[PDB]
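> no FASTA, just this:
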RNA sequence: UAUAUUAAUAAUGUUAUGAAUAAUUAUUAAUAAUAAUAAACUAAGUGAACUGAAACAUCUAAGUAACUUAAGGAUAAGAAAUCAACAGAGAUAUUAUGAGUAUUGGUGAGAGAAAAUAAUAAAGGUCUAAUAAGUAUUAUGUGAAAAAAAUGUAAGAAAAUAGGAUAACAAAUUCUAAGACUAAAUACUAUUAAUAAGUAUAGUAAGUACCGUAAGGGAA
RNA sequence: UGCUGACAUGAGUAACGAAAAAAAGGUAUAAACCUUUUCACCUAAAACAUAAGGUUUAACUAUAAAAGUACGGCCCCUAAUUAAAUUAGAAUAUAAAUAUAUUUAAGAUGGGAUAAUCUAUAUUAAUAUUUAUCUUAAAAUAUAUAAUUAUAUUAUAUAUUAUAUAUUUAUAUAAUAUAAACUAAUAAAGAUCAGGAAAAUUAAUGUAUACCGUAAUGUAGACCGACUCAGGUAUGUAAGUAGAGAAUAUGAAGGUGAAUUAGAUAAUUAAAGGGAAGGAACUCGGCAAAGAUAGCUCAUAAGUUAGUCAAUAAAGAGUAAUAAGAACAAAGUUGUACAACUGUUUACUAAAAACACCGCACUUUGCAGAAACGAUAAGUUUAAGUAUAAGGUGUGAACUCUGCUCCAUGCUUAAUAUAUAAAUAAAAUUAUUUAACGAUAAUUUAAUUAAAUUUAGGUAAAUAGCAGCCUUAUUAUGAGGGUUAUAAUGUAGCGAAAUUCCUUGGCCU
RNA sequence: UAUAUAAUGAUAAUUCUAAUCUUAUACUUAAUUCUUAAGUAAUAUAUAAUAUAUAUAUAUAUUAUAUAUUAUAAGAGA
Ligand SMILES: [Mg+2]
Ligand SMILES: [Mg+2]
Ligand SMILES: [Mg+2]
Ligand SMILES: [Mg+2]
Ligand SMILES: [Mg+2]
Ligand SMILES: [Mg+2]
Ligand SMILES: [Mg+2]
Ligand SMILES: [Mg+2]
Ligand SMILES: [Mg+2]
Ligand SMILES: [Mg+2]
Ligand SMILES: [Mg+2]
Ligand SMILES: [Mg+2]
Ligand SMILES: [Mg+2]
Ligand SMILES: [Mg+2]
Ligand SMILES: [Mg+2]
Ligand SMILES: [Mg+2]
Ligand SMILES: [Mg+2]
Ligand SMILES: [Mg+2]
Ligand SMILES: [Mg+2]
Ligand SMILES: [Mg+2]
Ligand SMILES: [Mg+2]
Ligand SMILES: [Mg+2]
Ligand SMILES: [Mg+2]
Ligand SMILES: [Mg+2]
Ligand SMILES: [Mg+2]
Ligand SMILES: [Mg+2]
Ligand SMILES: [Mg+2]
Ligand SMILES: [Mg+2]
Ligand SMILES: [Mg+2]
Ligand SMILES: [Mg+2]
Ligand SMILES: [Mg+2]
Ligand SMILES: [Mg+2]
Ligand SMILES: [Mg+2]
Ligand SMILES: [Mg+2]
Ligand SMILES: [Mg+2]
Ligand SMILES: [Mg+2]
Ligand SMILES: [Mg+2]
Ligand SMILES: [Mg+2]
Ligand SMILES: [Mg+2]
Ligand SMILES: [Mg+2]
Ligand SMILES: [Mg+2]
Ligand SMILES: [Mg+2]
Ligand SMILES: [Mg+2]
Ligand SMILES: [Mg+2]
Ligand SMILES: [Mg+2]
Ligand SMILES: [Mg+2]
Ligand SMILES: [Mg+2]
Ligand SMILES: [Mg+2]
Ligand SMILES: [Mg+2]
Ligand SMILES: [Mg+2]
Ligand SMILES: [Mg+2]
Ligand SMILES: [Mg+2]
Ligand SMILES: [Mg+2]
Ligand SMILES: [Mg+2]
Ligand SMILES: [Mg+2]
Ligand SMILES: [Mg+2]
């Protein structure tokens, strides 16, 4: 069938997988946040 | 096999009971223990199971549960007793003679549902219900997958029958070398039958 | 090599090197020490210390004549060899040897005697005192007083009993 | 229940017939708390592949990139079991000559020192250790392209009447491993001053708008 | 086909994205906005009420109102699963990172008391997957004259009349009243595919009832698709008439009629209707189109694996239809090839003969196991299973059957047959050095010392293999026969095969 | 004849074990979830004595040294 609609929004999954805690509660996510801070990004995670 | 709602069974793993010991009627002196033992359903150690008895639910150790001969229609036979070595020789449904602890568990009689092997599932849905997903043959696969794969048309690729991970699937003894069975008198028929 | 923190490895770690073939092809390989689990009797602790050591360390125990001696050697080499665990075991052994060597007499009952008096005085003035804070206050007071009661004994923390 | 509680001046509405109150006491002493935690520099563990060799596997790239761990304003090194050669020097750390020389390599692509003489540098020499044993050494598998101290497995000494150093032996020299501290010259970063045959496309916005689910990319 | 920026040509061309609209008035302002009327369209939706999502897009800033009994969340409880958390010096393993097992905490898509005669949650006193609702019962009626069947009813849902009250609250109840669907609560009971986890009562006091969601959109212009995109998107109600039906026709209420309009309707293109005579003469091919003489009740053959499988058989009958006069369901037989069958596949050119399958064989593993995973280990799945179990391999239901061979590659079993690699307690001995002893670098021997290797079997439903040459019955032809090679020489069956080049092979229909 | 009694080794097999390995389950003084040092109430071990029959061994008051207020049970085993 047709393609293009790969993003199916759901706040629960959005926050659980790309939220701030989802990254601050691990080694790798903490590194992502730290790298984004160093680059100076305004928005670290959803 | 013969167990039906209504029958009475018992276990003598702990031993012969005081109820009979003090009563002296069924105690060892008249040796009613033989006929109290060799009756289907009850559980006894091999030490007090006579030779040649058909048994199931055999253990390995004096303190361990019944492990062998536990499926439907399965049984084993007591072939020998060695009190000095605290051991017994039992032949299992595989046809293998094996050492077992003489004070190991065993139940008299064959396991029920003898005809379980004559059943016939009629459709793939029945396997799916039971929890069996489809099996894909190696020859149908690609060479990156199972070694049998590849080849235009149906072809076995001159490859010795083997598993997807390169282990021969016809006659290749998998348990080989130093790590074999320490308690093993005689191997199973292995093509004799 | 965090496997070694749990045992007496004698300051020997893994070695990563190359495996050379006859064509002199190289392939990374690893050398492990010969770690063995063993229970050695300790006299000062009067019990078996069960740990993972190397055969070399075990042979050193055999030479030096005991796990106690091995742990309590003085050289900096040994201090380095004895890892975090060995260090703790050494502390236990030396503490036990010291407490066997010099016993306390070669005060708690008098603290108990003084406890109710202070408790009653605090109650009278409207305050309270429990055992924990009591011992905390009077932990480090060498000199006692006779403000109340009478000292009908001359133990004086010297030559107890006849 | 840190407006959280034994003690207190009196009590409403009641206390299985002078005290103890679910809305509480001007009060007084005792008892649990708060992770904003950068970068770069340094040390250590593991460590590629592209590539070069006009192919490729020894070799190279390279102990580099990357990941992981742990310190300090710096870290690391450091006062000879060192060099040297019969004459002598006298701790580390960078730089120039020595020198692309000795050395080394499918003796290919290629790699490559030390003595010694100068420059920068600080007061640069000191004791903290009962003077160092599964240690030196040996065999074996690895180990900075030349030059070598660590390293898995196992055998294993001596006391200055001794030990280390060289393919080996003799003679002679030189220094004392298995115990330690050490400014300065150095690296990174941030301020201040000076000079720019530097920048207005290396001249302040914005890591924003916007793109991707995300890591991430990224304007005028 | 350099990069960025500006501007051109195509060009005022193609397009303006399923669609019914018309007057009068607001307004001598209007195709596009608002109102009224007429007309249409969706109506088991284009309506109503919601979930998720989202630039609040809404009937808006003066804005979406909760103690709970149909209020959700919040909170208690847990599933799947997650966790720099958790465990005498020592939970286990591991180059680091980290990974295991156990605890604990978290985590719905789930469970959680009472309540319209309206209700009360807190503190102190003890520690039931899924599916179905009888042949037969009793009265009164239609019943026939003993039928027997024809049914509310062989079970529930409430309101009225009477027999009674404590100054009419709870009962004991005898009568009256249902046609077809559906609902939530019983009772009994059918197959095997055997059907979640978790948090315990009376008493005495007690309750001033916190926080958050609430608009509108939600088969969409208000979300995911680069667009106000004919795509994707979860629930319940979904008037009546008619029907077996949620099919099909209409449409009562409701909502709507669209960022394109007005003319004209050439060639030509798309979707659709009709067609004389003929009926596949088209084409690679009946591709496309056309063809239905009940939809209910009867009746329904040969084959067959006995299954109304074939079958929704074909043809046919009954029921008003006799010139016809809604939509929808229903689209004929037969031979062959392949595949037992239902199913799966190349999201976006292949749906099949390919995959799967139930069935059939071989093989490994005795459980401290085979198999897979684990910079590698602990450990995990296998399995809380045990040779009728689990893994691997080929074949692919069933009938009739499955012939010959271990040469080769492997597997497998024994041969007192047989190389060597590493590892040492000694010295029959050369070289170097040294005045010297001595210090450094070897070859033979030991009671010693593997797997492999090659010998001999077994193993083909293991991987695999299954030949040539020449005359006799005075003939094409060759029952017998003669010869070389081999492990053996293609058996039963089938045959110009989806296998046959020659090849439009010869013959029949 | 016309190479092992002995001394040793090789091979095969069986046995034992604190090599190794796998499964399961009250007080007294002294420095109020603690420790230590001396003695205890009861739960358990060896050899000497009670008293039994054959001419190598039973069952018990009480005492001699080391401990609990890792261990047991089972299995494999040089
Ligand atoms: Mg997209
Ligand atoms: Mg996820
Ligand atoms: Mg299963
Ligand atoms: Mg199958
Ligand atoms: Mg298959
Ligand atoms: Mg294929
Ligand atoms: Mg492969
Ligand atoms: Mg194939
Ligand atoms: Mg490094
Ligand atoms: Mg190259
Ligand atoms: Mg190439
Ligand atoms: Mg330093
Ligand atoms: Mg280099
Ligand atoms: Mg020294
Ligand atoms: Mg020295
Ligand atoms: Mg060496
Ligand atoms: Mg290199
Ligand atoms: Mg020194
Ligand atoms: Mg986007
Ligand atoms: Mg044009
Ligand atoms: Mg035109
Ligand atoms: Mg146009
Ligand atoms: Mg107008
Ligand atoms: Mg419809
Ligand atoms: Mg309707
Ligand atoms: Mg709506
Ligand atoms: Mg609520
Ligand atoms: Mg919870
Ligand atoms: Mg929920
Ligand atoms: Mg809403
Ligand atoms: Mg609403
Ligand atoms: Mg698109
Ligand atoms: Mg749309
Ligand atoms: Mg309709
Ligand atoms: Mg209408
Ligand atoms: Mg609407
Ligand atoms: Mg439109
Ligand atoms: Mg037109
Ligand atoms: Mg016509
Ligand atoms: Mg006609
Ligand atoms: Mg034709
Ligand atoms: Mg034609
Ligand atoms: Mg057609
Ligand atoms: Mg007929
Ligand atoms: Mg028939
Ligand atoms: Mg149709
Ligand atoms: Mg098929
Ligand atoms: Mg199909
Ligand atoms: Mg396709
Ligand atoms: Mg199909
Ligand atoms: Mg395995
Ligand atoms: Mg099987
Ligand atoms: Mg097949
Ligand atoms: Mg078949
Ligand atoms: Mg065959
Ligand atoms: Mg050798």
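All right, it came through fine. Residues are numbered from 1 along each chain as shown, chains lettered A, B, ... in the order given. Ligands and ions are numbered 1, 2, ... in the order given.

> what about residue 28, neighbour count?
No chain in the question, so chain A it is. Residues near residue A:28, counting by other Cβ atoms under 10 Å in any protein chain shown, number 8. For every residue, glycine as well, the C-beta is placed using N, CA and C.

> I was after chain B.
12.

> any chance you could map the strands in chain C?
Using DSSP state E, the strands assigned to chain C run over residues C:15-20, C:26-31, C:35-42, C:47-54.

> Can the second one be said to contact RNA strand E?
Read it as strand C:26-31. Yes: on the criterion Cβ under 7 Å from any atom of the strand, strand C:26-31 is in touch with RNA strand E at residue C:30.

> Skip the chain neighbours and tell me the closest residue to residue C:43.
Of all residues not flanking residue C:43 in the chain, residue C:68 sits nearest, at 6.0 Å (Cβ to Cβ, 6 or more residues apart in numbering or on different chains).

> Would you confirm that that neighbour contacts residue C:92?
No: assessed by Cβ atoms under 8 Å, residue C:68 is found out of contact with residue C:92, at 10.3 Å.

> Could you list which residues are in contact with residue C:90?
C:71-72, C:82 (Cβ atoms under 8 Å, 6 or more residues apart in numbering or on different chains).

> ok, 6 Å please
By Cβ atoms under 6 Å, 6 or more residues apart in numbering or on different chains, the residues touching residue C:90 are residue C:71.

> re the thing from before, residue C:68 and residue C:92: which is more packed in?
Using other Cβ under 10 Å, the more surrounded residue of residue C:68 and residue C:92 is residue C:68, with 23 against 14.

> ok, that one - contacts?
Taking Cβ under 6 Å, 6+ apart as the test, what residue C:68 contacts is C:42-44, C:93.

> Mind doing that once more with 8 Å?
By Cβ under 8 Å, 6+ apart, the neighbours of residue C:68 are C:42-45, C:93.

> Next, give me the two most distant ones among those.
C:43 and C:93 (9.4 Å; Cβ to Cβ).

> Is residue B:40 within a helix or a strand, and which one?
Per DSSP states H and E: residue B:40 is located in neither a helix nor a strand.

> if you skip the residues just before and after it, what's nearest to it?
Closest to residue B:40 by Cβ to Cβ, 6+ apart is residue B:109, at 3.5 Å.

> cool, and residue B:114?
In space, residue B:114 is closest to residue B:73, 4.0 Å off (Cβ to Cβ, 6+ apart).

> Specify the beta-bridge partners of the closest residue to RNA strand D within chain C.
Using Cβ to the nearest atom of the strand, the closest approach of chain C to RNA strand D is made by residue C:17 at 2.1 Å. Residue C:17 has these beta-bridge partners by DSSP bridges: residue C:29.

> Surely it touches residue C:26?
No: using Cβ under 8 Å as the test, residue C:17 is too far from residue C:26 to be in contact (9.3 Å).

> How much space separates the spatially most central residue of chain B from residue B:185?
Nearest to the centroid of the C-alpha atoms of chain B, with distances taken as Cα atoms, centre = their mean, sits residue B:69, at 2.8 Å. From residue B:69 across to residue B:185, the span is 17 Å (Cβ to Cβ, to the nearest Å).

> contact partners of stretch C:135-153?
So stretch C:135-153 is contacted by C:110-111, C:113-114, C:117 (Cβ under 8 Å, 6+ apart).

> where along chain B do the strands fall?
So, for chain B - with DSSP E - the strands run B:43-45, B:54-56, B:76-82, B:87-91, B:97-101, B:105-108.

> Pull out the buried positions in the third one.
Going by neighbour count (16 or more other Cβ atoms under 10 Å in any protein chain shown), the buried part of strand B:76-82 is B:76-78, B:81.

> how close does the residue in chain B positioned nearest to RNA strand E get to residue C:57?
Closest residue of chain B to RNA strand E, Cβ to the nearest atom of the strand: residue B:73 (2.4 Å). Counting by Cβ to Cβ, the gap from residue B:73 to residue C:57 is 58 Å.

> try residue C:50
Taken as Cβ to Cβ, the span from residue C:50 to residue C:57 is 14 Å.

> Among these two, which residue is more densely surrounded?
residue C:57 (27 against 9).

> show me the contacts for the residue nearest to the more buried one when sequence neighbours are not counted.
Excluding the flanking residues, the one nearest residue C:57 by Cβ to Cβ, 6+ apart is residue C:10, at 4.2 Å. Contacts for residue C:10 (Cβ under 8 Å, 6+ apart) come out as C:53-54, C:56-57, C:60, C:81.

> Would you check which of these are in contact with RNA strand D?
C:54, C:56, C:60.

> most neighbours, which of those?
Going by other Cβ under 10 Å, residue C:54 tops these with 20 neighbours.

> check contacts around that one.
C:8-10, C:12, C:33-36.

> Pull out the buried members of the residues you listed.
For those, buried by 16+ other Cβ under 10 Å: C:8-10, C:12, C:33, C:35.

> Make TSV out of these and add distance to RNA strand E.
Below are these laid out as TSV (distance: Cβ to the nearest atom of the strand, whole Å):
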residue	distance to RNA strand E
C:8	9
C:9	11
C:10	15
C:12	12
C:33	10
C:35	7
